[PDB]
Every structure is written in structure tokens, then in C-alpha cells.
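1. PDB entry and its sequence, pasted below:
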Amino acid sequence: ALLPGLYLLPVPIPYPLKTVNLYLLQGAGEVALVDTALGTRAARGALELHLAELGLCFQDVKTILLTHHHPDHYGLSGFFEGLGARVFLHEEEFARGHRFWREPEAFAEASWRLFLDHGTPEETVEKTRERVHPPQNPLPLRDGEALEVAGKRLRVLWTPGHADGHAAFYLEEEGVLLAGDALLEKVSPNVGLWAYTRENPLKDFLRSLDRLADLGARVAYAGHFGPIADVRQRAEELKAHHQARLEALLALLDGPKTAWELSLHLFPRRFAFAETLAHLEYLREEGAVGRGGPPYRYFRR
Ligand SMILES: [Zn+2]
Ligand SMILES: [Zn+2]
């Protein structure tokens, strides 16, 4: 129990992060989940056992609050919805990451072309899609809106970057931030440029870190790894981290290079590619780099 009626629920995931952190809220006769893991036997089983420990079934969870559309957070939302749960998702996900799951053919060609144009040589995504149960009627959340959930009051903080409609949930009185993947303690959360992403995802991400830095939160519980005791400090560390990565990427451009080959050294794979692309497009917008093609080869001015 992180607070009375607020519980950390670690769930195994078949991705390099290995474990996703879900948050269970119980109170005032209500039960809610922040994030849902995904449809594997190991993930479903772990979540069931967690709920059982609290005396609950899947069917007891009537409210779902999603930080973002990534499979490790969004994967079981449609399952819970099928049992009668109400699913909440930030509005900016709807035409992007949410559409990606709902309409497999909406971004398919662009997704592959983005890889190919940026030097990727000739699916795990299909395996992922099989583990994802998209909600049919999710309700759009808005930045700054206030939710009364299980006796607690949560402020919706739109924090784009890691995902377009990424939302953190902030308990203002307690100063407790449910950060999702906008902030992590050990590594940087991915900032990837995908076919459905906003124009400059890294710029969004750094502005989101600024927003969280000035928030005044007393503690952050994120989507992965351990608790974050000093939120401003970690936000400032992730700022500095990406500044170092930008400098590192500039150094790697000793000649014209593709995003694929660059991603091997900037990250000594799919996520590495998208992150590298995000950093390149940030640099290009600033004018620090240019590109020929397609096939795109980036160079340092
Ligand atoms: Zn994520
Ligand atoms: Zn995650």
C-alpha cells in the first residue's frame, strides 16, 4: 500500500523492460486500475493473483485509466471493457496510437516505409497485436481535467513525447504522481518517432519533463522500475541525458549516415531506431543536421 487504497501491481511483460507497474485504487465503493498490462498467460495470471490478494476479481474493476497506448499499459483495456469497465484514454491517442491498434491497416504501409527509407534492411508487431485487446468505446481525457476515482482526486497531466496522448495522473493533495512512462528512475523512457507520431516528439518530451520538474510532486510512481523520490531531480537528469544523446548523435555524423546504422551506435532494435529517428528530426528542425534522399542519409552541417 503506497497510500491507503493505492497499491503497486508489478506485472511481467515479454519486452526488454520485463515488468510493468500497474496501480490499483480502491475506496468509496469503487475499484480502478491505472494501466492494464497485456494478454499473455503470465501477465493475466499475475494480475489475477494481485487482485485475488486484495479480495477482487477482474469483474470488480469498473474504471480503467490509461497513461498511454503502448501494449504493456493498454493491452488488457478491451478485456476489462468487455466485462463492463469504463476505459479512459487521453484525446491525443485517439487518432494516433489508439487508431494504430483499432485499424491495423491505417498506418501499416507508412510504418514499413519509414523503416525502409531510413536504411532498415529486410513480425514481432503481429505477435504484439495478438496480445492487445483494444477498447471499443474509450472516453477521451483532457489536460487539466479532474477525476474523482475511488475516493481520490486525480489531475490529468498531458505529457506528450513518450507517446502522443501520454497522460500522467496527479494526486494533488498527497503530492503523489502516477507518472506512467513520462518519467523513469533508471533509464530514459523511449522517445520514438513512428508513422502516427506528432511532428517533433523529442521537443514534446523535453517540454513534458519541464512541466513535471516544476510540478512540486513529492514522489512519483512510474510505469517501470522503482519509485522516484525527487521528481524535479530525475526530470532534470533526463533533460541532461537527452542533451548528451544529441551531442553523441552529432559526433556520430562524421559522414552521411542512415537512421538505422546510427541507431546501432547511439544504442550500443525497433525502439532504438525510432528513438534515433526522433533525435535526428529534432536536430534537423533546429537546422543542425540536414538530409539527402530518400533513401534518407543525415549529415552534420
Ligand atoms: Zn510506454
Ligand atoms: Zn511502459
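-> It's in. Numbers count the residues shown, from 1 in each chain. Ligands and ions are numbered 1, 2, ... in the order given.
2. Could you pull up the contacting residues of residue 265?
-> Residue 265 makes contacts with residue 252, as judged by CB atoms under 8 Å, 6 or more residues apart in numbering. C-beta here means a position set from N, CA and C on the backbone, and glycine is covered the same way.
3. buried ones in the helix or strand hosting it?
-> Per DSSP states H and E: residue 265 is located in helix 259-266. The neighbour-count criterion (16 or more other CB atoms under 10 Å) identifies 259-260, 262-263, 266 as the buried residues of helix 259-266.
4. Tell me which two of those sit farthest apart.
-> For the buried residues of helix 259-266, the maximum inter-member distance is 10.9 Å, found between 260 and 266 (CB to CB).
5. picking up where we left off before, for the helix holding residue 265, C-alpha coordinates in PDB please.
-> What follows is helix 259-266, C-alpha atoms only, in PDB (Å, rounded to 0.1, in the frame of the first residue of the first chain):
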ATOM      1  CA  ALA A 259      19.000   6.300 -39.000                       C
ATOM      2  CA  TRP A 260      19.400   2.500 -39.000                       C
ATOM      3  CA  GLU A 261      23.200   2.500 -38.900                       C
ATOM      4  CA  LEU A 262      23.200   5.400 -36.400                       C
ATOM      5  CA  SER A 263      20.800   3.500 -34.100                       C
ATOM      6  CA  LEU A 264      23.400   0.800 -33.600                       C
ATOM      7  CA  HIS A 265      26.000   3.100 -32.000                       C
ATOM      8  CA  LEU A 266      23.600   5.600 -30.300                       C
END
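6. Alongside ligand 2, which residues does the stretch 1-150 of the chain contribute?
-> Proximity of the stretch 1-150 of the chain to ligand 2 (CB under 5 Å from the ion) is limited to residues residue 72.
7. how about the residue in the stretch 1-150 of the chain that ligand 1 sits nearest to, what does it touch?
-> Residue nearest to ligand 1 within the stretch 1-150 of the chain (CB to the ion): residue 70, separated by 3.5 Å. Residues counted as contacts of residue 70 (CB under 8 Å, 6+ apart) are 97, 163, 181.
8. Which neighbouring elements make contact with whichever helix in the chain runs longest?
-> Longest helix of the chain, by residue count under DSSP state H: helix 231-252. Helices and strands touching helix 231-252, by 3 or more CB pairs under 8 Å, 6 or more residues apart in numbering; DSSP states H and E, are helix 201-213, strand 219-222, helix 259-266, helix 270-285.
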